[PDB]
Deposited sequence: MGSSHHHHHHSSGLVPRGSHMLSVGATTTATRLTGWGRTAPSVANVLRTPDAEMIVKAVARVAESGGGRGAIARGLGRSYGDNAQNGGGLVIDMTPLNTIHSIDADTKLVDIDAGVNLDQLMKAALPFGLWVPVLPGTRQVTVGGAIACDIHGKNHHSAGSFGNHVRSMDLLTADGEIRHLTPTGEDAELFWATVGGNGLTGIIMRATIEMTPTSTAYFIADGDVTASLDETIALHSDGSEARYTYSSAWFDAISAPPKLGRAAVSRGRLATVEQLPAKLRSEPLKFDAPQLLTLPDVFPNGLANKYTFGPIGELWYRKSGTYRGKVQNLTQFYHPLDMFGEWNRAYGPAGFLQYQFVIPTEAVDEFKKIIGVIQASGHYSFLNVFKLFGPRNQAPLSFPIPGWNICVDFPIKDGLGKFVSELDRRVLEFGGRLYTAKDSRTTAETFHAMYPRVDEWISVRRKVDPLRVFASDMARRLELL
């Protein structure tokens, strides 16, 4: 029933071997969890989606990994309530295609659409619209969680199991297997954005543009960011901002199928773009090529943020692929990554000294009240991680109640002592 398989995250690093269960039969999934539990726990089990997380949260060396991609049924779609009821293995591209004809839009879309609903919830993913829509967890209306007792429980964000619900959001699969969920989509009349572009010349200008109140005029905003140029050109950015377009805003040609599926001059106003145009290596060149690194610094620590940016460019580790964004308010999930503040993802070529240097970055992010993202990490320590997440003891306490025998476990769980 299972296949022994070498697994890595997307960055192709830190391999380990698991027995992988891959079945479309939910009852086989239920049985397998029971078998792990009735064996007393052992090396446990963890769900896996499309493996787009960069780190080691979707693998479990010497244990069971359940590939959830065969559970990919969209059970229902409701345009009045905006609710969509889908198996956890359905991916966002599939959901986007299925929901567009109903005038519904996936409420949080990350950099790639090849992620499962299960992985979207488990990592509480964020997108270009975080400051207006929060993260993926914000839009979960309910979910069915297969817990260690072999029971599938219906969780809601305000019901009696609210605590377990919010521990499951951002929980990295460690409260159990999400089987199915109900997502509240965002109403839309088109599959297009109307975008404004602006280019800044310095970190100070990038920061000023994000704090001048203009951000409140756009639902989506992010920026490509310069991390190599010495100051004052350090931190200059190419900012892409916009919102979903209405049909009347569409070019005449495009108005017939409005819900169709799919330096200096980078300044513009009212550009009409589809998803691909509006939104836009490690796998191709890994694990030898690149270390991805993502962090957020609280809004009020703006000078600490600039310092870290300064430290990065002076390091001699140079990243071209940089994404920057001002996060909005956080949600109630103890281990949710986003907090309001300055978010940046960088991508360092793997070079001598890199490891020691990012360990120093860790220290700075931590001291300044910031955090790393589990979906981008395969290397930090338990000590650093627990320190970045003041609600980790609270979260661990929920996990112990719902999984006393540690039926659910992963390489990440052991590394960061979340087990």
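- What the model leaves out of the deposited chain are the segments 1-26, 289-317, 336-342.
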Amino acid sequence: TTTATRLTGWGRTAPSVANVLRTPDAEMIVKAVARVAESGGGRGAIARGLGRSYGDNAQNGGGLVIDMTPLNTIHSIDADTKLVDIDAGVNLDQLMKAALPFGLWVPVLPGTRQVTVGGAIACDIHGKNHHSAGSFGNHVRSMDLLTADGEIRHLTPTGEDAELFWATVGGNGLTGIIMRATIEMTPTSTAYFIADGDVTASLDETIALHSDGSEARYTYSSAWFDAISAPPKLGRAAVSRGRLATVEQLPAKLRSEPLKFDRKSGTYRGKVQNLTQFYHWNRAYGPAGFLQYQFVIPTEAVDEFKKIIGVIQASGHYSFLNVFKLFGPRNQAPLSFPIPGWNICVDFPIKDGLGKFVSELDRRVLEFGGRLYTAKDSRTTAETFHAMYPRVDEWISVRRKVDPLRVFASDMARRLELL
From here on, numbers count along this sequence of modelled residues.
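Between two forms, the rigid core is the largest collection of C-alphas that superpose within 1.5 Å.
- Taken in 4 other deposited structures of this protein and fitted on the core, 264-272 and 176-184 differ in how far their Cα atoms move from the shown form, and the one that moves more is 264-272.
- The segment moving more, judged by mean Cα distance from this form in 4 other deposited structures of this protein after a core overlay, is 253-261 among 328-336 and 253-261.
- Coordinates for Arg283 are absent from at least a third of the other compared entries of this protein that model residues on both sides of it.
- If you average the C-alpha B-factors over 248-256 and over 331-339, the higher value belongs to 248-256.
- In this crystal structure, the stretch out of 304-312 and 109-117 whose C-alpha atoms carry the higher mean B factor is 304-312.
- As recorded in the entry, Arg263 carries the highest CA temperature factor of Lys82, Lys128, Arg263, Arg180.
- Within the selection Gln294, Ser76, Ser229, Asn72, the deposited Cα B-factor values reach their highest point at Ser229.
- Ranked by C-alpha B-factor against the other modelled residues of its chain, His139 falls in the lowest third.
- Among all modelled residues in this chain, the alpha-carbon of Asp352 has a temperature factor (C-alpha) in the highest third.
- Per the PDB record, residue ranking by Cα B-factor puts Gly103 in the middle third of the chain.
- Sort the chain's modelled residues by C-alpha temperature factor and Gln59 lands in the lowest third, per the entry.
- In the deposited entry, the Cα temperature factor of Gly9 sits in the bottom third of values across the chain's modelled residues.
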